[PDB]
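> Dropping the structure in here first, questions after.
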Amino acid sequence: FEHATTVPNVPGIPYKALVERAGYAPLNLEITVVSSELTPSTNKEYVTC
Amino acid sequence: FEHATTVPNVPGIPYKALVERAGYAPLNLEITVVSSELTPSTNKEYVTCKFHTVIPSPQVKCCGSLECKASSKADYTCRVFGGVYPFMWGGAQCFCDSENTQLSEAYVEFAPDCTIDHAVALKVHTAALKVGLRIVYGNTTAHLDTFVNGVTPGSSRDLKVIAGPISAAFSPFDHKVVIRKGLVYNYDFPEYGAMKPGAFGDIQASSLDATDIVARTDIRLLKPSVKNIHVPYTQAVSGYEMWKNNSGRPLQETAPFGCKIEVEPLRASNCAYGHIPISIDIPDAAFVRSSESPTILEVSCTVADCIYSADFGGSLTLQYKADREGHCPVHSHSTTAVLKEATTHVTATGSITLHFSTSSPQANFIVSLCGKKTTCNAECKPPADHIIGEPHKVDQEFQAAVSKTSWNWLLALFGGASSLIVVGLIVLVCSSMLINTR
Amino acid sequence: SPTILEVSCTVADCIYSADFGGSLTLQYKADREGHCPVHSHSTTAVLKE
Ligand SMILES: *[C@@H]1O[C@H](CO)[C@@H](O)[C@H](O)[C@H]1NC(C)=O
Numbered sequence: 001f002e003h004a005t006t007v008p009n010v011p012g013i014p015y016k017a018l019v020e021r022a023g024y025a026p027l028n029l030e031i032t033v034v035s036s037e038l039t040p041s042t043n044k045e046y047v048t049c
Numbered sequence: 001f002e003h004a005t006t007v008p009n010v011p012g013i014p015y016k017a018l019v020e021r022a023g024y025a026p027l028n029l030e031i032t033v034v035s036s037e038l039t040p041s042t043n044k045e046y047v048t049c050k051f052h053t054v055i056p057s058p059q060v061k062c063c064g065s066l067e068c069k070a071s072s073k074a075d076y077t078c079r080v081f082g083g084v085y086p087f088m089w090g091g092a093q094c095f096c097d098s099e100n101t102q103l104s105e106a107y108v109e110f111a112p113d114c115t116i117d118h119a120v121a122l123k124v125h126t127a128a129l130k131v132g133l134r135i136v137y138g139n140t141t142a143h144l145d146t147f148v149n150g151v152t153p154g155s156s157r158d159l160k161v162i163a164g165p166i167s168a169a170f171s172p173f174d175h176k177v178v179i180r181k182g183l184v185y186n187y188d189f190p191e192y193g194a195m196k197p198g199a200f201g202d203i204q205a206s207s208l209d210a211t212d213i214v215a216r217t218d219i220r221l222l223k224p225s226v227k228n229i230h231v232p233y234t235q236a237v238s239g240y241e242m243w244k245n246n247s248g249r250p251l252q253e254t255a256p257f258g259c260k261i262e263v264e265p266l267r268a269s270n271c272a273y274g275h276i277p278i279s280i281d282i283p284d285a286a287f288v289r290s291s292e293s294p295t296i297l298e299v300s301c302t303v304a305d306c307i308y309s310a311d312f313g314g315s316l317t318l319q320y321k322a323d324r325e326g327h328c329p330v331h332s333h334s335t336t337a338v339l340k341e342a343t344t345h346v347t348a349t350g351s352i353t354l355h356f357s358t359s360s361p362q363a364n365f366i367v368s369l370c371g372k373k374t375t376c377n378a379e380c381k382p383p384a385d386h387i388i389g390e391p392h393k394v395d396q397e398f399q400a401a402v403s404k405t406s407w408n409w410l411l412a413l414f415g416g417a418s419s420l421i422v423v424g425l426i427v428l429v430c431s432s433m434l435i436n437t438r
Numbered sequence: 293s294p295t296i297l298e299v300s301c302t303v304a305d306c307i308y309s310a311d312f313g314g315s316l317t318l319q320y321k322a323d324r325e326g327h328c329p330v331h332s333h334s335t336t337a338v339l340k341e
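Take a look at the structure:
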């Protein structure tokens with residue numbers, strides 16, 4: 001079942017929802033962002049000291 | 001007690017009814033069509049296969065005449081040639097220089113492999129339906145094999161079941177049928193003797209071992225123009241092979257109503273079409289008096305998560321406070337929703353769950369529990385899955401198939417139009433009375 | 293899935309904060325014993341369980 005929702009980007013804070021397919025029982029679904037990783041592409045120019 | 005009802009002809013899909021007999025308690029009764037056989041009466045017209053077209057050894061008579069008589073062989077073609085001079089391995093075969101005579105003969109016969117690779121032509125008359133019925137009443141099962149003509153009783157002797165005529169006679173077979181190796185085709189074959197070369201039915205016989213074989217394969221015996229002894233013959237192709245190359249698809253793949261065709265008596269099996277009126281003379285011993293059935297003092301139906309679907313998508317709970325522990329028949333009194341369970345157990349108090357399948361968007365049917373009737377009310381959601389592997393247990397109505405919200409909207413708009421009409425006519429009535437008074 | 297014949301929520305000592313502050317009790321009657329998804333259908337209040 002394709003279910004689309006929106007979660008916050010806060011680490012922790014479980015986001016809870018029900019997926020409710022018609023013929024079947026409501027099903028719990030929570031998504032938690034355990035960690036996040038902004039990794040930019042870095043190009044090395046030089047080293048100084 | 002006699003009970004007359006109408007069941008669908010679909011295989012499976014139990015039809016459930018509640019026989020109510022005065023003071024003899026409600027009796028559950030479900031009928032399942034476990035099998036169906038549409039068996040027409042078939043008359044064998046002929047058999048056919050490839051022909052062998054055997055050419056006998058030529059006869060030569062030199063300085064003489066060699067006219068030939070008629071023969072009873074299948075498509076016997078004989079022709080006399082008067083200018084021959086045959087040559088075997090060893091030179092000339094007779095003395096006479098130019099007045100020789102060769103007899104060319106050519107007749108067809110059944111191929112050696114026609115014991116399997118052959119086709120049978122049948123004329124098919126009207127077909128009679130025979131259904132296997134699993135009928136359970138009370139706590140007793142019964143398996144019957146009933147003709148659906150309308151007068152023949154069932155196979156079982158303890159209960160009498162009479163299945164009335166089908167609403168619409170189907171008969172998937174046309175008047176002419178060809179069976180080839182278990183495959184059934186609706187082909188318009190020629191009659192016995194009204195045959196044409198090249199088409200299906202070049203060679204015909206009553207049986208494969210029959211000596212009365214008739215054929216009209218177009219054999220032309222040409223004149224021998226070579227040194228060696230030869231019978232130059234030309235012929236049309238086998239109509240069996242031509243028909244086999246373009247036979248199309250058999251009726252095992254093109255039959256309507258999901259029929260499933262066999263060949264040994266040539267019956268169509270499990271054809272879901274029409275309705276069977278059925279009357280059952282239930283024995284009096286099956287019924288029990290209403291004193292021995294538990295009485296439901298009060299019942300309440302609460303139904304949640306209803307889905308109108310082919311499967312049993314709805315579930316309703318009956319809360320009850322009866323007076324004695326015992327078994328009740330549970331029934332749904334609508335033609336749109338059907339209960340899965342037909343008999344439940346009843347404690348002094350409690351609740352029982354029941355699965356039902358419906359086609360209406362609204363679950364506004366009446367459920368009976370030892371004859372005590374309650375009304376359920378909910379809104380049944382459309383199913384999410386689109387395709388299911390089992391057929392629908394119920395048919396689709398018009399009043400049921402329109403939801404209560406949509407019924408409210410259409411009735412509100414129609415009543416608004418009618419109300420403006422009524423107000424207009426009332427204002428004309430009042431104005432006309434005022435102006436004729438004045 | 294079990295079906296709920298009757299449900300009613302009474303909530304005591306609610307307090308709007310980051311912590312799960314507030315206790316709502318569902319009094320329920322259901323025919324079959326089992327396990328059940330529970331959910332809050334508001335984007336403002338989220339359940340712990
Ligand atoms: C059929 O037999 C069962 C056996 O469990 C019994 O409970 C039930 O009452 C019987 N039905 C009738 C109609 O007597």
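Residue numbers (PDB author numbering), protein chains in the order written: chain S, 1 to 49; chain E, 1 to 438; chain H, 293 to 341.
The C-beta atom is built at its ideal place from N, Cα and C for all residues, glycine as well.
Run through the region 186-273 of chain E for me and flag every whole beta strand (DSSP E) of 3 or more residues, listed as ranges in chain order.
203-205 and 213-215
> Using a threshold of 8 Å, state whether the C-beta atoms of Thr374 (chain E) and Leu297 (chain H) are closer than that.
Position 374 of the second sequence, counted from the start, is the residue given in the question as residue 374 (chain E). Position 5 of the third sequence, counted from the start, is the residue given in the question as residue 297 (chain H). Their beta carbons are not under 8 Å apart, which means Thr374 (chain E) does not touch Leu297 (chain H) by this criterion.
> Helix, strand or coil, according to DSSP, for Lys73 (chain E) in the structure here?
For this step, residue 73 (chain E) is matched to residue 73 along the second sequence. Assigned with DSSP and collapsed to three states, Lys73 (chain E) falls in coil, not helix or strand.
> Would you say the region 9-28 of chain E touches the region 62-72 of chain E, given that touching needs at least three Cβ pairs under 8 Å?
no
> Taking the alpha carbon of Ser247 (chain E) as the reference point, which residue from E:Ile203, E:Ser419 and E:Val178 has its own alpha carbon closest?
The sequence position of residue 247 (chain E) within the second sequence is 247, counting from 1. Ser247 (chain E) has its Cα closest to that of E:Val178, out of E:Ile203, E:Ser419 and E:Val178.
> Ligand 1 and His327 (chain E): does the residue's C-beta get closer than 7 Å to at least one heavy atom of that ligand?
Within the second sequence, residue 327 (chain E) is the residue found at index 327, counting from 1. Under cutoff, so the answer is yes.
> Counting only Cβ pairs nearer than 7 Å, list the residues of chain S close to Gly313 (chain E).
Along the second sequence, read from residue 1 onward, the residue named residue 313 (chain E) stands at position 313. Correct list: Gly23.
> List the residues of chain H that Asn9 (chain S) touches, going by C-beta distances under 8 Å, in chain order.
On the first sequence, position 9 is the one that residue 9 (chain S) refers to. Residues of chain H passing the Cβ test: none, with the nearest at roughly 16 Å.
> With 8 Å set as the bound, which would you pick, yes or no: does the beta-carbon of residue 256 (chain H) sit closer than that to a beta-carbon of chain S?
Residue 256 (chain H) lies beyond the range of chain H shown here (293 to 341); nothing can be said about it.
> At the 8 Å Cβ level, is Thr344 (chain E) part of the contact set with chain H, yes or no?
Counting from 1 along the second sequence, the entry for residue 344 (chain E) is found at position 344. No, no contact with chain H.
> Do you know whose CA, among H:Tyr308, H:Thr336 and H:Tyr320, lies nearest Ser300 (chain H)'s CA?
As a working mapping, residue 300 (chain H) is identified with position 8 in the third sequence. For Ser300 (chain H), the nearest C-alpha among the options comes from H:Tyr320.
> With three or more C-beta pairs closer than 8 Å as the rule, is the region 167-183 of chain E touching the region 221-229 of chain E?
no
> Assuming contact is defined by CB atoms lying nearer than 8 Å, are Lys50 (chain E) and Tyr240 (chain E) in contact in what I supplied?
If you number the second sequence from 1, residue 50 (chain E) lands on position 50. If you number the second sequence from 1, residue 240 (chain E) lands on position 240. Taking 8 Å as the Cβ cut-off, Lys50 (chain E) and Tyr240 (chain E) qualify as a contacting pair.
> Once DSSP output is grouped into helix, strand and coil, what is the label at residue 467 (chain E)?
Nothing about residue 467 (chain E) can be reported from this structure: the residues present for chain E run from 1 to 438 only.
> Give the straight-line distance between the Cα atoms of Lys196 (chain E) and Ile278 (chain E), rounded to the nearest whole angstrom.
Walking along the second sequence from the start, residue 196 (chain E) turns up at place 196. Walking along the second sequence from the start, residue 278 (chain E) turns up at place 278. Near 49 Å, if we compare the C-alpha coordinates of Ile278 (chain E) and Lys196 (chain E).
> Give a yes or no on whether 8 Å exceeds the smallest Cβ distance from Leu339 (chain H) to chain S.
As a first step, residue 339 (chain H) must be located in the third sequence, where it is residue number 47. Chain S contact via Cβ: present.
> Please report the distance separating the alpha-carbon of residue 245 (chain H) from that of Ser36 (chain S).
No statement about residue 245 (chain H) is possible, as the shown extent of chain H runs from 293 to 341 and does not include it.
> Report the neighbours of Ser432 (chain E) on chain H: residues whose CB is nearer than 9 Å to its CB, in chain order.
As a working mapping, residue 432 (chain E) is identified with position 432 in the second sequence. Ordered by position in chain H, no residue passes the 9 Å Cβ test against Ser432 (chain E), which lies about 59 Å from the chain.
> With a Cβ-Cβ cutoff of 8 Å, do residue 439 (chain E) and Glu45 (chain E) count as a contact?
With chain E covering only 1 through 438, there is no way to say anything about residue 439 (chain E).
> Can you give me the Cβ contacts of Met88 (chain E) inside the same chain, cut-off strictly under 7 Å, excluding the 5 residues immediately before and after it?
To locate residue 88 (chain E), count along the second sequence from 1; it is residue 88. Same-chain partners within the cutoff: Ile229.
> Just the chain E side, please: which residues come within less than 7 Å of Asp323 (chain H) by C-beta, in chain order?
Residue numbering aside, residue 323 (chain H) sits at position 31 when the third sequence is read from its first letter. Simply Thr317, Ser351 and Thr353.
> Taking 7 Å as the cut-off, does the CB of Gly138 (chain E) come closer than this to any heavy atom belonging to ligand 1?
Sequence index remark: in the second sequence, residue 138 (chain E) carries index 138 (1-based). Because some heavy atom of ligand 1 lies under 7 Å away, the Cβ of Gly138 (chain E) counts as near it: yes.
> Please list the partners that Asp117 (chain E) has in chain B, where partner means a Cβ-to-Cβ separation under 7 Å.
In the structure shown, chain B cannot be found, because the protein chains are S, E and H.
> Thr347 (chain E) to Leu29 (chain E), Cα distance in whole Å?
Residue mapping note: residue 347 (chain E) aligns to position 347 of the second sequence, counting from 1. Residue mapping note: residue 29 (chain E) aligns to position 29 of the second sequence, counting from 1. Straight-line measurement puts the Cα of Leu29 (chain E) at about 23 Å from the Cα of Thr347 (chain E).
> Relative to the C-alpha of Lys372 (chain E), which residue among E:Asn364, E:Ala322, E:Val60 and E:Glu390 is closest?
In the second sequence, counting from the first residue as 1, residue 372 (chain E) sits at position 372. When each option's Cα is compared against that of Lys372 (chain E), the closest is E:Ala322.
> Please confirm whether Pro391 (chain E) has its beta-carbon closer than 8 Å to some beta-carbon of chain S.
For the purposes of this step, residue 391 (chain E) is identified with residue 391 of the second sequence, where counting begins at 1. Judged by the 8 Å Cβ criterion, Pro391 (chain E) is not in contact with chain S.
> Taking the continuous beta strand (DSSP E) assigned at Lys340 (chain H), which residues delimit it?
The sequence position of residue 340 (chain H) within the third sequence is 48, counting from 1. Run containing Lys340 (chain H): none; DSSP gives neither H nor E here.
> Is the beta carbon of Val33 (chain E) less than 8 Å from the beta carbon of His275 (chain E)?
For this step, residue 33 (chain E) is matched to residue 33 along the second sequence. For this step, residue 275 (chain E) is matched to residue 275 along the second sequence. It is not a contact, given that the beta carbons lie outside the stated cut-off.
> Buried or exposed: which applies to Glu105 (chain E), given that a residue is buried once 16 or more other Cβ atoms fall within 10 Å of its Cβ?
As a working mapping, residue 105 (chain E) is identified with position 105 in the second sequence. By the 10 Å Cβ count, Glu105 (chain E) comes out buried.
> Is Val288 (chain E) near ligand 1, going by C-beta to nearest heavy atom under 7 Å?
As a first step, residue 288 (chain E) must be located in the second sequence, where it is residue number 288. Answer for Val288 (chain E): yes, Cβ within range of ligand 1.
> If you draw a straight line from the alpha carbon of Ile162 (chain E) to that of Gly12 (chain E), how long is it in whole angstroms?
Reading the second sequence from its first residue, position 162 is the one you call residue 162 (chain E). Reading the second sequence from its first residue, position 12 is the one you call residue 12 (chain E). So the two alpha carbons sit approximately 19 Å from each other.
> Kindly indicate which three-state DSSP category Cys430 (chain E) falls into: helix, strand or coil?
Position 430 of the second sequence, counting from 1, holds the residue named residue 430 (chain E). Residue state for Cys430 (chain E) is assigned as helix, using DSSP reduced to three classes.
> Tell me which same chain residues have a C-beta within less than 7 Å of the C-beta of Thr5 (chain S), skipping the five on either side of it?
Position 5 of the first sequence, counted from the first residue, corresponds to residue 5 (chain S). Here the set comprises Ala17.
> Could you check what DSSP says for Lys16 (chain S) in three-state terms: helix, strand or coil?
As a first step, residue 16 (chain S) must be located in the first sequence, where it is residue number 16. Note: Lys16 (chain S) maps to strand in three-state DSSP.
> Which ranges does the beta strand (DSSP E) cover as unbroken runs of at least 3 residues, wholly within the region 360-395 of chain E, from first to last along the chain?
366-369 and 372-375
> In angstroms with no decimal places, state the Cα-to-Cα distance between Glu397 (chain E) and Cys430 (chain E).
Numbered from 1 along the second sequence, position 397 holds the residue referred to as residue 397 (chain E). Numbered from 1 along the second sequence, position 430 holds the residue referred to as residue 430 (chain E). Between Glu397 (chain E) and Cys430 (chain E), the C-alpha separation is close to 44 Å.
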